[PDB]
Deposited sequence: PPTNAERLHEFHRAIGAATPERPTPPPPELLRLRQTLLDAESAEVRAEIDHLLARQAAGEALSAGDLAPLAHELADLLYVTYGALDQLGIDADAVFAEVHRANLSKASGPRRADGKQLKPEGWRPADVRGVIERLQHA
């Protein structure tokens, strides 16, 4: 099965948006777009969390189905976060894997003995060599 990062590549190929094979410095127009899309989805997430909190404050017993709007906006936020990494030519699964390695290993600690923080610059260097 394809990963959510590979899904963004398929979407950008389908709509003709830049999706370079390896890490590539962006034009400012790209960064501005990614900023706009991230701001929009984080505001929608916030709006749906606020709605759930207001309904709970009024004593509403939320059902699982009540979480669908928030789940949709969280997925949209995932989508535009993956989408930023994809348009930068950066394999999001490789960067996530390194952030997860650090976070998960830190949870074996405070930090454990041979603890090594995330080295995303090292991931970007390896991605440049395909």
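Absence of C-alpha coordinates is noted for just one segment of the deposited sequence, namely 110-117.
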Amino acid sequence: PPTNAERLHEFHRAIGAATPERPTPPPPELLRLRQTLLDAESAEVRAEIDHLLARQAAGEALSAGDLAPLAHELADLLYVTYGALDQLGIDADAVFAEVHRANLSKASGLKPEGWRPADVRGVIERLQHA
From here on, numbers count along this sequence of modelled residues.
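For the pair 113-121 and 17-25, the record assigns the higher mean C-alpha temperature factor to 113-121. Annotation for 59-67 versus 31-39: the higher mean temperature factor (C-alpha) is found in 59-67. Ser105: CA B factor in the highest third of modelled residues in this chain (values from the PDB entry). The PDB entry assigns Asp50 a C-alpha temperature factor belonging to the highest third of its chain's modelled residues.
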